[PDB]
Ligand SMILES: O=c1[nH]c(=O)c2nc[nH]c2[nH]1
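Starting off, we have a lone chain in the form solved without xanthine, written out as structure tokens.
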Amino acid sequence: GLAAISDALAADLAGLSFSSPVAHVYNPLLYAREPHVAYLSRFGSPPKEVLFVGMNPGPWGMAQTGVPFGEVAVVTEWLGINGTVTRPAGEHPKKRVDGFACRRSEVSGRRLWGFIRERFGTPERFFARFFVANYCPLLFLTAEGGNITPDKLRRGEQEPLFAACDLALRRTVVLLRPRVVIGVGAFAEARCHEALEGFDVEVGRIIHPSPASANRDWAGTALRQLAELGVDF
């Protein structure tokens, strides 16, 4: 199942190495494995019509909950997922892992899942046709605790990472058999196009929900973009 794919990915990432400016690496697939597997098992049953793909976790989302775009509030309240989360070895004090006790809200996840809930009401109606997964489960931090996107990695270190993640995504698409794969943001979409070349699947994009990315009407834009891709939302 999905759990096997995630475990395989984590194992593949276990051997990886990253150089300066990278100083801290979080792998929520390890320290937040139980809620992650809960998500996969409860909401990831094949087949899916559409797959949403995020690039990498935010510090207050999946890095805390193990759930893609997993803002604590919406994960506990709507997905009904709680669970034990331990701390990563290379934890930075400016981005501490409090798990479901974390009091900061990940805006991207709050917005995305808030939107999904707005459209579908219950998780069952959404996951009947859709799923959301994370391309790269690793969080990268500077010595000062600043975020580093996978984009800004050394090519020699970036290539195997993207290799493992491409593998994971391919296995994911094979299992869930979606007709459309939608990257959340440009980076995710690029990764989807490259990783899934050769697949009989349409690769698309919706605007990234981050305020830091970004017009005044993200939800309307994404709804429109979904309309263009021929997916009823």
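Quick note: we count residues from 1 along the sequence shown, nothing fancier.
The next section is about a form of this same protein that is not shown, the form deposited with xanthine bound.
With the partner left out here, xanthine still marks one of 165-173, 24-32, 194-202, 57-65 in the entry with it bound; by a 4.5 Å heavy atom cut-off that stretch is 57-65. Using a 4.5 angstroms threshold between heavy atoms, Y39 stays clear of xanthine in the entry with it bound. At the 4.5 Å threshold, heavy atoms of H208 reach xanthine in the entry with it bound. Contact annotation for 130-155: a single residue, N134, has a non-hydrogen atom within 4.5 angstroms of xanthine in the entry with it bound.
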